[PDB]
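In structure tokens, the next block holds one chain alone, the form solved without the named molecule.
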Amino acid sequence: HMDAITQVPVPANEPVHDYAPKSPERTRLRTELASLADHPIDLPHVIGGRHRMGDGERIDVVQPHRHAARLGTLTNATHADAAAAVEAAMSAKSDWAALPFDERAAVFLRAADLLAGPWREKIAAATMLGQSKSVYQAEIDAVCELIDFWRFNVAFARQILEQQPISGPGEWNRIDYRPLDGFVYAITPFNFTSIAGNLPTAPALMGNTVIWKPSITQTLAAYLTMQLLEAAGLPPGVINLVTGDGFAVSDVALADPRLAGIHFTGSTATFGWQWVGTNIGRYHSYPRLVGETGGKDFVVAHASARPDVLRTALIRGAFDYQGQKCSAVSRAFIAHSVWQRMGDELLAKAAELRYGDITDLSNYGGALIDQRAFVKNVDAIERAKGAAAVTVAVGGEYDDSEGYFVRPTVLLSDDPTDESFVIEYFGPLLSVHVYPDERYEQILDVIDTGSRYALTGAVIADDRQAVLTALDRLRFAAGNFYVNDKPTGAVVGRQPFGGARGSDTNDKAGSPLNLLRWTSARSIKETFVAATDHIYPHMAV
């Protein structure tokens, strides 16, 4: 055994490498890019530790920006694959939950260090290739954010474990953070390798076992993530990877009475789940549904905005990763006088911005993720051309012949930009409304009244009263709020929480609150000299 009260290593955010010319990481990245691109692989299910192709339909995983180039091939999970994944998860449970916390933690700390060192460029390259990220977008996601999730989750879990009660005289009260009963189903989106590795591993840390269904277009990085976790010592069957479109997996998982929870991130059309509220009397436990939605963000620039700050925040905010982060800047509200100072430069920089094959590191970004996404963006661009209220100021061109390429596009809207248009796609489309300087407060009212799907908002202003007025008036109109920068993805530990207006997602990844969803806390009270007569003092004569 062990007689100790141990402490975990203290986490700090992983440094972001630049991959500048002549840097050694750039050289290593080239090697991994060649190696994955030139040697495509089978992308098997991983069930009970066994890597195996199943009997379902073969589905190719390709490079979005060069969709003739295959990266691998997976098999669409069948009902039998899914049932096997569930059994394996249940069979691993007892040995996994019985491992002390510190041994469970070590797996994830070791994974973090493996990802920071020897697997770093490989996992980054895989994310570049399959999800069409530039090296910077890959690095902040697949490397830094996933490393951070693991190290910070370990520290968060350790902090949870030491939250203990008061013992009164004559007793000792303690709290045991039990894992859940039954397996956790994690369903992960294309957009982030970090979210994809975190959703299955966070519940696993707390002693649970898991079935993990990654998104098809992210499955190369997801398979490699599974390999990394195995190399870190994750025991067989603690997490079980099932590839494909997810339909047969949900049919099995949602019908199984042992379903203890769902950790999911993607649309709010898949947030609709209904299917669990139906079957409630079939489940041994009440399933825990722990989800994040996407959304579309706004920036408001007061007359005191710095123009080069605003311009850069718009370009990065809208066009980083081709507008495909969980949210992206879709609507800007810019004071007339500031638009005079930077409107031409915004349009010119957007016109010059290079999207292409992300193995050419000079490009700013890549292509859209797949054909469905390309079509939604074509449809939005064509709506904008046809719409009276909207002019295409720059961009708008698209060509799916080599990759799913859509050019950065800036729309000018004469009337405040209407949120419902902006939500039908994820893509590099920025809508700008120019408003008279003196109408700042009225525009804040319009944003507030007309924004239900903003995860984030920003105010660009040097004037402190303008800043505070935005923080006050838009307090409920977005979930995370930015001052003088692009509103974007959080860094772990730095910008937790948020969500769209009205959401209930304080328990999303990024704080201890997520890890508490994967535990069932119980109090233990021992009384040292309990009563030996039942009569109470008030009862006396």
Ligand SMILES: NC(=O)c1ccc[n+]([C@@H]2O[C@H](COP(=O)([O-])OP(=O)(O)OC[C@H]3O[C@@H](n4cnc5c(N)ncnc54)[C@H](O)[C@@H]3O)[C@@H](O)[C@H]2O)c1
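Residue numbers here begin at 1 and follow the sequence given.
Another form, the form solved in complex with the named molecule, is not on view; read the next lines as being about it.
| said: Residue-level contact is defined here as any heavy atom of the residue lying within 4.5 Å of the named molecule in the deposited bound form; does residue 133 satisfy this criterion? | reply: Output for residue 133 is no: heavy atoms all beyond 4.5 Å of the named molecule.
| query | Does the named molecule get within 4.5 angstroms of any non-hydrogen atom of residue 326 in the deposited bound form? | reply | Yes - in the deposited bound form, heavy atoms of residue 326 and the named molecule come within 4.5 Å of each other.
| request: Would you check, heavy atoms only and a 4.5 Å threshold, whether residue 508 touches the named molecule in the deposited bound form? | output: Residue 508: yes, in contact with the named molecule in the deposited bound form.
| query | residue 292: heavy atom within 4.5 Å of the named molecule in the deposited bound form? | reply | The answer is yes: residue 292 has a heavy atom within 4.5 Å of the named molecule.
| said: Within 4.5 Å of the named molecule in the deposited bound form - does that hold for a heavy atom of every one of 189, 247 and 270? | reply: Per the other structure, all of 189, 247 and 270 touch the named molecule.
| task | Quick one: from 346, 226, 455, 105, grab the residue that has a heavy atom within 4.5 Å of the named molecule in the deposited bound form. | result | Answer to the contact question: 455.
| query | Tell me, which of 137, 377, 409, 265 has a heavy atom within 4.5 angstroms of the named molecule in the deposited bound form? | reply | Contact with the named molecule in the deposited bound form is made by 265 alone.
| message | To test your reading of this chain, name the stretch in 400-408, 180-188, 164-172, 330-338 whose heavy atoms come within 4.5 Å of the named molecule in the deposited bound form. | response | Selected stretch: 180-188.
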